[PDB]
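As structure tokens, the structure follows; a few thoughts come after it.
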Amino acid sequence: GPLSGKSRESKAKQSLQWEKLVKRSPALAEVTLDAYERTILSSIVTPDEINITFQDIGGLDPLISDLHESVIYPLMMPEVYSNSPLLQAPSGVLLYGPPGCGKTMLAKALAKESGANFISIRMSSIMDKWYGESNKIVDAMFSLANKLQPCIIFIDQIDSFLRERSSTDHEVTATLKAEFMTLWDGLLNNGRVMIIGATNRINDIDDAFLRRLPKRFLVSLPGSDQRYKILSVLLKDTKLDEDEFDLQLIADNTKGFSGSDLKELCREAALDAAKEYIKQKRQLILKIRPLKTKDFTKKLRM
Amino acid sequence: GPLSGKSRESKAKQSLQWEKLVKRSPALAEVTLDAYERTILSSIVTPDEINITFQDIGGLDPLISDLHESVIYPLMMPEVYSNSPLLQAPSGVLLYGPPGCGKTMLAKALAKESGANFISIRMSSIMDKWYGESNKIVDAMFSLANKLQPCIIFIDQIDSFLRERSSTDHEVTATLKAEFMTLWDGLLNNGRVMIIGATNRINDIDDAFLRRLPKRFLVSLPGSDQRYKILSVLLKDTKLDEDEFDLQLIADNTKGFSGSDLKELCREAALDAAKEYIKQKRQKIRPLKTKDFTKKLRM
Amino acid sequence: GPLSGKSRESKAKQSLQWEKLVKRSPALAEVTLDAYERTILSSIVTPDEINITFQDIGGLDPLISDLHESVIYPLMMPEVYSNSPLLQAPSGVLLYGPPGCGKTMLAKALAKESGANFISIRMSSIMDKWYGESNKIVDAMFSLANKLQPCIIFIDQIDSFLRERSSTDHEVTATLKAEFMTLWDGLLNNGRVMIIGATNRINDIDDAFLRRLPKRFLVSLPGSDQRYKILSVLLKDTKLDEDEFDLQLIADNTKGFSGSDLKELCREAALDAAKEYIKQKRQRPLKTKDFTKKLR
Amino acid sequence: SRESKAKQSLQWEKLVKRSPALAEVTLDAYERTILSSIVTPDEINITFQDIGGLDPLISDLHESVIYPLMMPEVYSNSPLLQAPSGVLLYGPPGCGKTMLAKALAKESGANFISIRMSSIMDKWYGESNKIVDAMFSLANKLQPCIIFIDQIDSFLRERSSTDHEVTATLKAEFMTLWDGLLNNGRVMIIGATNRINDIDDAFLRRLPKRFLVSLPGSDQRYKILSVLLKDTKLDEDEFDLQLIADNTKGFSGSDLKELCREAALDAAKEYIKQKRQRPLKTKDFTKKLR
Amino acid sequence: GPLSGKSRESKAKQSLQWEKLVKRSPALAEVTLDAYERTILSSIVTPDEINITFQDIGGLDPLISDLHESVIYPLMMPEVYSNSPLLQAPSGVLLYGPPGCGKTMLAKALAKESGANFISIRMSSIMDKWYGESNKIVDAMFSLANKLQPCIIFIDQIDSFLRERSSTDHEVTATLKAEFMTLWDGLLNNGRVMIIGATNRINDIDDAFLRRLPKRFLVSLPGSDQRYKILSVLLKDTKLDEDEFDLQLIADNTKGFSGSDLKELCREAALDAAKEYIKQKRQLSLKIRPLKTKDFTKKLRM
Amino acid sequence: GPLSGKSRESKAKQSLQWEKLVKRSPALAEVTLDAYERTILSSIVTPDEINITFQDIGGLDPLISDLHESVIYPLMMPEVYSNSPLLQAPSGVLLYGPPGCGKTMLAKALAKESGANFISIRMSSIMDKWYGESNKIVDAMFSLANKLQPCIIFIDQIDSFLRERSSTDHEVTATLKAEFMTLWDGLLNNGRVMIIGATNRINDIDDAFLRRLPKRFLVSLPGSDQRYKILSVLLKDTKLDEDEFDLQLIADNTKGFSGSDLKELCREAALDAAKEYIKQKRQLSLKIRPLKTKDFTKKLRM
Ligand SMILES: Nc1ncnc2c1ncn2[C@@H]1O[C@H](COP(=O)(O)OP(=O)(O)OP(=O)(O)O)[C@@H](O)[C@H]1O
Ligand SMILES: Nc1ncnc2c1ncn2[C@@H]1O[C@H](COP(=O)(O)OP(=O)(O)OP(=O)(O)O)[C@@H](O)[C@H]1O
Ligand SMILES: Nc1ncnc2c1ncn2[C@@H]1O[C@H](COP(=O)(O)OP(=O)(O)OP(=O)(O)O)[C@@H](O)[C@H]1O
Ligand SMILES: Nc1ncnc2c1ncn2[C@@H]1O[C@H](COP(=O)(O)OP(=O)(O)OP(=O)(O)O)[C@@H](O)[C@H]1O
Ligand SMILES: Nc1ncnc2c1ncn2[C@@H]1O[C@H](COP(=O)(O)OP(=O)(O)OP(=O)(O)O)[C@@H](O)[C@H]1O
Ligand SMILES: [Mg+2]
Ligand SMILES: [Mg+2]
Ligand SMILES: [Mg+2]
Ligand SMILES: [Mg+2]
Ligand SMILES: [Mg+2]
Ligand SMILES: [Mg+2]
């Protein structure tokens with residue numbers, strides 16, 4: 001058994017994740033897991049833990065539709081695509097581009113809406129100082145993904161785990177990467193198991209690992225209409241002026257703005273728009289003023 | 001388990017920090033911690049460890065007000081800002097500018113007055129020779145900040161921690177930076193956790209790491225009025241001449257002077273003004289005059 | 001495990017330095033040190049190791065007086081300077097100027113006669129190939145300097161230690177310098193701890209690192225009176241003829257002439273004045289003629 | 001490597017053979033790595049007597065280097081009579097700075113660290129600085145020590161921000177250990193170079209005694225020719241060494257050695273041909289010159 | 001019940017060693033031994049087992065004399081040294097240095113000529129998988145050494161038995177080392193019991209164990225005169241040509257050679273010198289050819 | 001006894017090897033063994049298990065002769081070498097060099113022709129997860145090698161065992177190496193026991209272990225004549241065309257080829273020559289085809 005994951009809170013988290021998985025998939029109750037796979041179970045992300053929905057992603061509607069029709073529907077609905085063997089889901093999916101464009105939000109929406117079991121694994125859980133523990137951890141990760149047959153394995157910042165191999169790499173790290181390469185695509189074919197990765201450095205990933213991510217989505221910087229959609233999504237459920245507000249000017253004048261930059265701009269604009277409301281409530285501890293174009297003009301450069 | 005948290009002095013420091021945190025926040029007694037989180041607990045900076053007040057900072061009054069209204073109140077008073085989802089605290093805060101302008105001063109004031117639990121982590125504690133211990137250290141730091149729900153993780157000199165990723169980066173360093181990037185903004189959203197960093201080289205920070213510091217404060221070189229306020233703050237509770245001392249001359253003639261430079265100038269002026277009293281004591285302090293400050297100023 | 005000690009000679013040196021520190025300051029016997037702090041302990045210079053005092057430095061009398069009144073008395077006498085918040089010792093001290101002007105011996109006299117526990121770190125001990133050990137070494141150094149509360153950390157040739165940070169800098173060195181800047185002036189204030197450096201390239205020092213050295217002493221090339229004082233200091237307990245010796249002329253003829261060069265000139269004058277005496281030993285007082293013979 | 005450890009054992013054996021008191025001295029691993037670069041008088045075949053044309057320079061070098069470092073008891077009356085911290089042998093190339101270093105290593109017999117930049121330089125982080133520290137510590141342990149760095153202008157070049165990090169830190173550590181607070185014993189580092197101006201002033205101060213081994217004069221060239229042409233048959237009537245010395249104008253020691261070697265080979269060429277199947281004269285010397 | 005030495009041959013060896021000890025010391029017949037002490041008795045080195053004499057060690061005459069005057073005579077002749085309490089033998093002796101210099105030769109000479117009962121214990125005879133057996137083995141070893149009152153306990157390669165303690169040490173190893181420390185120098189003072197140890201890595205030994213070895217002997221690499229003495233000892237009772245052999249030249253040109261290296265060189269030189277005699281004996285010249293210098297030069301790098 | 005000797009087929013193998021040893025040496029009937037010695041018995045290589053003859057090794061005739069007169073004859077014929085005490089067999093033999101040059105062939109020929117009892121033991125059978133079992137295993141290994149008095153303890157890849165000692169070594173591994181050092185050359189002298197090692201990285205062996213291997217054979221890369229002899233002995237009992245096959249050129253162009261490389265080249269050339277005959281045999285020319293230079297050169301680089 002793995003020496004890590006023996007904590008009482010760890011066991012409680014594993015039991016909680018297993019109960020959630022069994023509640024979502026009743027057929028999962030007949031599946032028995034190893035101790036290593038039970039340790040991997042703590043990295044499962046349920047739909048509940050995610051508050052991001054595909055409707056909360058703006059400016060990526062063609063990308064969202066392509067991701068659905070090429071990733072989610074083949075993986076989650078194999079009966080429709082069973083007519084031809086070339087209609088299967090890809091073994092790997094890579095979301096790459098400049099930071100802040102929505103790769104992590106797309107991964108969150110995949111965790112929430114796809115319906116596939118999701119493992120958001122981090123390298124802290126994979127790495128272990130003891131000999132041979134990391135290889136068994138990856139083996140358990142792949143075996144658990146095979147057991148929860150429609151599974152997605154997510155590795156955020158995948159350019160570090162799947163970095164280019166070299167002689168200067170650590171022996172345990174190199175063996176771990178080789179084991180991941182073998183289990184990803186080897187003699188024993190996986191089931192409906194997909195490894196989804198998000199990264200900013202596309203060229204830092206090993207060629208043998210980039211080959212295992214054949215479906216690549218370029219979440220690039222948003223355009224003017226894309227920025228308008230992102231701003232409309234961010235400024236949803238937030239009151240805006242019916243006459244003075246002009247979202248087109250904000251979308252056009254945010255040249256070279258990522259989604260996170262637009263989120264910070266919206267947060268700042270809402271803060272200085274409601275400053276009067278926080279001033280009133282701080283004395284106690286009316287209504288928040290609808291957002292105006294001018295509030296965006298002060299914190300933008302024209 | 002972890003490494004370097006097993007020393008008796010280290011365990012005593014962890015127990016002291018946990019006791020201070022529980023005393024400050026009585027609801028924190030029910031929180032249980034892993035051994036890695038206990039190791040991170042030695043990096044906790046409590047308000048009693050900081051002697052620096054927000055009123056002890058001069059020349060940054062609009063910066064202090066903006067930092068308050070956009071950082072502290074959304075983080076520490078979510079009930080006021082709960083009406084709208086866009087009124088939340090920033091994911092990260094960067095205090096960047098020329099050295100000596102008061103970035104560490106603002107960080108100390110945040111550690112003392114914000115009321116947020118504060119972790120001042122240094123990369124000596126994060127780094128570990130053993131394999132995979134540093135990634136677990138990062139994960140423990142983030143989980144501890146999540147448990148102490150209004151937490152601020154402070155990383156002084158964040159340009160080295162968040163350096164731009166390269167193919168020549170060390171494998172442990174690169175995996176550590178990727179793990180910090182994932183936990184900073186990933187699938188599992190953090191609570192009221194904000195990472196505050198101070199740096200002189202903002203360009204050395206990675207673009208994806210500058211992404212996670214969306215609220216940026218430029219603590220630039222002080223102006224004439226800013227120098228006036230800084231020198232007035234430094235010379236507080238220190239005797240000054242009523243008629244023979246003029247401070248506007250010192251503020252105007254200290255062109256291109258940071259707060260540290262003004263502190264050193266004030267220290268030298270006090271030293272060679274009270275040298276006579278020091279010589280008498282070695283065997284009252286004279287009021288400070290503007291002639292003394294002109295003596296120590298090259299102009 | 002710092003991997004820098006763990007040797008019989010290293011452990012013996014560390015125990016010797018700790019015994020000397022406890023003998024100098026009896027209050028240190030209750031202080032417990034970590035393994036990394038014990039590794040740092042080997043770089044500690046006790047006053048008995050230094051054979052140079054303040055009376056062996058000449059031509060820099062107002063620099064010695066200013067260094068005393070601005071470094072030693074604020075640091076070693078807190079009760080005298082406790083009246084005002086602007087009378088504390090500096091967080092850093094920089095000795096800069098042309099080489100051979102008297103900065104290394106000034107640091108020697110600081111290690112000998114100031115009274116503070118003295119740490120003369122060389123970058124080789126700090127530079128460790130293993131991951132994260134250099135930063136732990138720096139942290140242990142700062143914690144040990146805080147434990148021995150009156151302390152001075154000396155970095156000779158601080159220009160390369162505190163060089164300007166760049167993208168071409170190694171990752172371990174960049175984190176080392178960042179950790180040094182954090183512990184030098186960060187959230188956790190140091191005690192009576194200051195960092196003193198002697199260098200010849202002040203411009204090579206990083207601006208943020210130069211900021212942490214606010215009390216900067218400029219040791220320039222000596223003047224005529226300064227060179228005369230240096231020659232008088234270098235010629236003590238030696239035979240000088242009353243009528244023949246003219247030290248003033250030797251002082252003026254040494255234009256642009258450093259203290260190390262003054263030592264070299266004095267040692268060459270002694271050599272070619274006592275050549276006959278040492279030849280008789282194997283088998284003449286110092287005058288202006290022999291000094292001007294070596295000079296040009 | 002096995003060969004490196006064998007070389008270290010070789011040098012250690014030779015040094016304890018010369019100095020019986022060195023058996024109790026313990027060495028660090030980096031100290032043994034430095035000891036691998038230590039040369040001995042046995043492998044050097046050049047004597048101070050073989051240094052012709054530099055008699056006044058040889059006498060001054062002896063008086064300022066050999067005796068104050070080998071006889072502390074004679075010079076113990078005055079601290080100013082001690083050996084210098086560094087000695088620089090600068091001048092035009094081919095004048096015999098390297099052979100001066102070999103004669104210094106041989107006749108003095110000191111523990112000679114004839115060390116190079118390649119042995120100091122290492123790819124791993126912090127290795128070169130530890131190498132320099134162990135070099136100076138080993139020089140402190142073997143108290144009669146001279147450290148030689150041939151072509152020291154490249155090693156002690158002017159410091160700049162353009163310099164690489166590792167070599168700049170290396171130069172800073174060498175600067176610290178050359179004259180620092182932990183004062184060395186009878187340790188003296190000697191450099192031979194052709195570009196004295198290329199050496200940093202901070203390193204210039206650390207070689208206070210300098211040696212200008214210059215272009216030989218007519219008498220100096222005659223002494224060089226007389227010294228290097230020993231154990232050779234010369235016809236008394238035919239030979240005229242003064243004319244040969246006066247003919248070579250502006251010729252370095254290396255040029256004189258090459259000219260004499262060419263003349264001797266041309267003289268002995270006939271004999272070699274006969275073996276396969278004559279004394280040296282002024283005509284062969286004058287014919288080679290243009 | 002020690003569960004070791006239960007075999008018939010081990011019991012026979014124990015009985016033979018006890019008989020030899022009783023023959024050597026007639027007063028030893030009154031001593032009754034426990035079963036664990038009988039198990040320790042298998043490690044007794046009676047001097048007839050050793051063939052090495054002190055004379056058989058060359059180049060260590062000052063070391064041999066110092067070892068005698070400071071180790072053997074204070075231990076074996078306490079009547080002479082009983083005038084002052086500071087003249088007793090040390091509680092431990094460490095022989096350290098590069099391998100092949102003669103530490104085991106000195107230990108063999110001590111086993112053969114000192115006259116002290118010698119126990120050459122090994123880690124296999126100490127370690128036991130059963131609980132608490134190894135500590136009882138060490139206790140029996142110390143009690144037996146006390147019973148055979150002039151005794152020497154030898155632990156070859158002592159850097160492994162007395163390695164530096166750590167929290168990563170095995171429980172039985174840490175308990176064993178603590179028990180050895182307690183019995184070595186504790187409340188109950190030992191008799192004329194000395195723990196002589198030979199090692200190559202003195203720095204690997206624990207500081208608390210190096211303390212219990214206060215008399216340290218450095219058997220370093222031999223010098224030219226020392227190598228000449230070693231070669232003279234090794235080439236004794238061997239035919240060498242008077243006119244042709246030059247031992248001094250071989251001693252100079254065997255630079256950086258340990259005693260074992262010189263032994264191997266002498267063996268190879270004698271082999272290639274006598275090869276003719278072996279070639280003549282295999283057919284079944286005459287007498288063995290006396291060894292000359294060239295037989296050593298051909299096997300030397302020089 | 002340990003857990004290794006409790007298996008049924010392991011006990012059968014041990015009984016078979018003991019029967020073979022008694023059949024080869026009739027004096028071995030009276031010798032009895034401990035349980036650990038019986039487990040060591042399973043690592044003993046009988047000469048009939050080896051199909052490699054000293055004549056099967058080509059190009060190493062000077063090395064084979066030197067190995068014989070310096071290693072085998074002193075060990076196997078002590079009556080001939082008993083006139084001089086310096087003619088004994090070395091305590092250790094090291095075969096080092098680039099891989100594929102014939103070190104394992106030399107060890108096989110030593111196992112089959114030398115006549116010594118051969119212990120070719122691997123480190124898995126030495127290592128044990130239990131406390132102190134590895135030390136007892138090596139102690140029984142040396143005791144058994146002493147009982148079968150002419151014995152060879154061969155450890156292939158001797159660099160992994162006998163590696164340079166370090167503080168990062170496992171405690172059981174460190175005690176194992178120390179026990180091997182003590183039994184190899186300690187107080188209790190071994191009989192005609194010699195440890196033969198084969199390795200590629202001679203520098204990885206510890207200095208104290210390299211000392212215990214004084215006789216060293218450098219099996220370097222074959223030269224032109226050496227490669228000619230290796231190809232001649234590899235192409236034995238094989239039909240070769242007298243007129244067309246010129247082995248000298250094939251020996252000339254295999255620059256840098258080891259013995260394994262020449263073996264693979266010969267195998268490929270033989271397969272290419274016999275492809276037609278083998279295809280014909282699968283359907284059932286009718287005779288084998290003599291080898292030619294063209295088949296060897298087509299696999300080679302001119
Ligand atoms: N398409 C989008 N629509 C609305 N908001 C977005 C979009 N993309 C990004 N954001 C905002 O940016 C923030 C972070 O985005 P995200 O973490 O997905 O970036 P990323 O492209 O994955 O970069 P990184 O790989 O560095 O995390 C989110 O909190 C979100 O509010
Ligand atoms: N704005 C200010 N008002 C008053 N004092 C100041 C100010 N800025 C700096 N100082 C003085 O300078 C000292 C150090 O300042 P601080 O460490 O905050 O500089 P910094 O901007 O963080 O630069 P660095 O990041 O290089 O440390 C403080 O002790 C403080 O007394
Ligand atoms: N002011 C002085 N009085 C007497 N001797 C001096 C003086 N300055 C330098 N010296 C001589 O120089 C040596 C000390 O070196 P010094 O302190 O000059 O180095 P430095 O100025 O720090 O230059 P660097 O930074 O290159 O080390 C002593 O041996 C001493 O003889
Ligand atoms: N001083 C010596 N005189 C004669 N022979 C020696 C001497 N030292 C070593 N030898 C030869 O070396 C062989 C083994 O030496 P020994 O085992 O004593 O080495 P060691 O120093 O104990 O190294 P290790 O601890 O690795 O065994 C002996 O058989 C002996 O022939
Ligand atoms: N001299 C030789 N004559 C004939 N065949 C040889 C010779 N040397 C090697 N070979 C062939 O090489 C093969 C490999 O065995 P070999 O003895 O070369 O291993 P080795 O040299 O010890 O290399 P390693 O160290 O990798 O085991 C053998 O099957 C043998 O057929
Ligand atoms: Mg992301
Ligand atoms: Mg700061
Ligand atoms: Mg200096
Ligand atoms: Mg031994
Ligand atoms: Mg005790
Ligand atoms: Mg093999």
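Ligands are numbered from 1 in the order shown, chains are lettered A, B, ... in the order of the structure tokens, and residues start at 1 in each chain.
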Should the cut-off be 12 Å, what would the residue list for chain C against chain F look like, counting only C-alpha atoms, as an MDAnalysis selection string? chainID C and resid 1 3 6:7
Can you list, as a PyMOL selection string, every protein, DNA or RNA residue that comes within 9 Å of region 133-150 of chain A when you count only C-alpha atoms, leaving out same-chain residues fewer than 3 positions away? chain A and resi 2-3+21+25+28+31-41+75-76+115-119+121+125-130+153+172-173+175-177+179-180+183-184+190-194
Can you work out which residues from chain D touch chain F at a cut-off of 12 Å (counting only C-alpha atoms) and hand them back as JSON, numbers by chain? {"D": [1, 2, 3, 4, 5, 6]}
If the cut-off is 8 Å, can you tell me the residues of chain B near chain C, counting only C-alpha atoms? I'd like them as a PyMOL selection string. chain B and resi 49-50+98-100+104+107-108+120+122-125+127-129+156-157+160-161+169-170+200+204+237-238+260-261+264+266-268+270-271+275+278+281-282
Return as a PyMOL selection string the residues belonging to chain A that are within 6 Å of chain B, counting only C-alpha atoms. chain A and resi 99+108+124+127-129+156-157+160+267+271
Just write the chosen residues, N, CA and C atoms, as an mmCIF file, in the first residue's frame.
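So result-v2.cif came out as:
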data_model
loop_
_atom_site.group_PDB
_atom_site.id
_atom_site.type_symbol
_atom_site.label_atom_id
_atom_site.label_comp_id
_atom_site.auth_asym_id
_atom_site.auth_seq_id
_atom_site.Cartn_x
_atom_site.Cartn_y
_atom_site.Cartn_z
ATOM 1 N N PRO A 99 -1.889 32.552 -21.438
ATOM 2 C CA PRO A 99 -2.618 32.384 -20.173
ATOM 3 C C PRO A 99 -3.816 33.316 -20.067
ATOM 4 N N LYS A 108 -12.894 23.097 -16.318
ATOM 5 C CA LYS A 108 -13.938 23.087 -15.296
ATOM 6 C C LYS A 108 -15.295 22.730 -15.894
ATOM 7 N N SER A 124 2.016 16.952 -7.005
ATOM 8 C CA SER A 124 2.316 16.685 -5.602
ATOM 9 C C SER A 124 1.847 15.293 -5.196
ATOM 10 N N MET A 127 4.192 12.650 -7.316
ATOM 11 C CA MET A 127 5.552 12.533 -6.805
ATOM 12 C C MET A 127 5.571 11.896 -5.421
ATOM 13 N N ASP A 128 6.595 11.083 -5.176
ATOM 14 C CA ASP A 128 6.810 10.464 -3.879
ATOM 15 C C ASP A 128 8.300 10.202 -3.714
ATOM 16 N N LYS A 129 8.822 10.499 -2.521
ATOM 17 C CA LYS A 129 10.247 10.310 -2.272
ATOM 18 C C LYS A 129 10.626 8.840 -2.160
ATOM 19 N N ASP A 156 -3.263 19.889 -15.003
ATOM 20 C CA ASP A 156 -3.045 21.302 -15.276
ATOM 21 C C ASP A 156 -1.553 21.611 -15.300
ATOM 22 N N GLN A 157 -1.180 22.570 -16.152
ATOM 23 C CA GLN A 157 0.217 22.912 -16.427
ATOM 24 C C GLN A 157 1.001 21.668 -16.839
ATOM 25 N N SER A 160 5.028 20.608 -17.563
ATOM 26 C CA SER A 160 6.033 20.208 -16.586
ATOM 27 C C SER A 160 6.050 18.698 -16.376
ATOM 28 N N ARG A 267 -14.019 43.520 -12.316
ATOM 29 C CA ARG A 267 -14.007 43.568 -10.857
ATOM 30 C C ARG A 267 -13.665 44.965 -10.351
ATOM 31 N N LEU A 271 -16.092 47.599 -8.432
ATOM 32 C CA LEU A 271 -15.671 48.107 -7.129
ATOM 33 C C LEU A 271 -15.795 49.625 -7.050
#
Collect all residues with atoms no farther than 10 Å from ligand 5, counting only C-alpha atoms and all ligand atoms, and output them as a PyMOL selection string. chain F and resi 52+54-61+95-109+156-158+198-201+219-222+226-235+258-264
What lies within 9 Å of residue 185 (chain F) using only C-alpha atoms, ignoring chain neighbours under 3 positions off, as a PyMOL selection string? (chain E and resi 104) or (chain F and resi 91+180-182+188-190+212)
How would you write, as number ranges by chain, the set of residues no farther than 8 Å from ligand 1 when counting only C-alpha atoms and all ligand atoms? A: 56-60, 96-107, 156-157, 198-200, 219, 226, 229-231, 233-234, 258-263; B: 181-182, 185-186, 208-209, 211-212
Alpha helix (DSSP H) call set, DSSP backbone run, region 248-298 of chain B, as a ChimeraX atom specification: /B:248-253,259-273,275-282,290-296
I'd like to know which of E:176, E:274, E:140, E:247 is closest to chain F, using only C-alpha atoms. E:274
Need the shell around residue 77 (chain A): protein/DNA/RNA residues with any atom at most 10 Å away, counting only C-alpha atoms. Skip same-chain ones fewer than 5 positions apart. Format as a PyMOL selection string? chain A and resi 72+82+88-89+150
Need to verify the contact set: residue 21 (chain F), 9 Å, only C-alpha atoms, exclusion of same-chain residues closer than 6 positions in sequence. Can you return it as a short mmCIF file (atom, residue, chain, number, x, y, z; two decimals) with C-alpha atoms, in the first residue's frame?
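around39.cif, freshly written:
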data_model
loop_
_atom_site.label_atom_id
_atom_site.label_comp_id
_atom_site.auth_asym_id
_atom_site.auth_seq_id
_atom_site.Cartn_x
_atom_site.Cartn_y
_atom_site.Cartn_z
CA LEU F 28 32.67 -33.81 -0.40
CA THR F 46 28.18 -27.25 -12.48
CA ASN F 117 33.73 -25.35 -7.76
CA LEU F 148 34.57 -26.85 -1.19
#
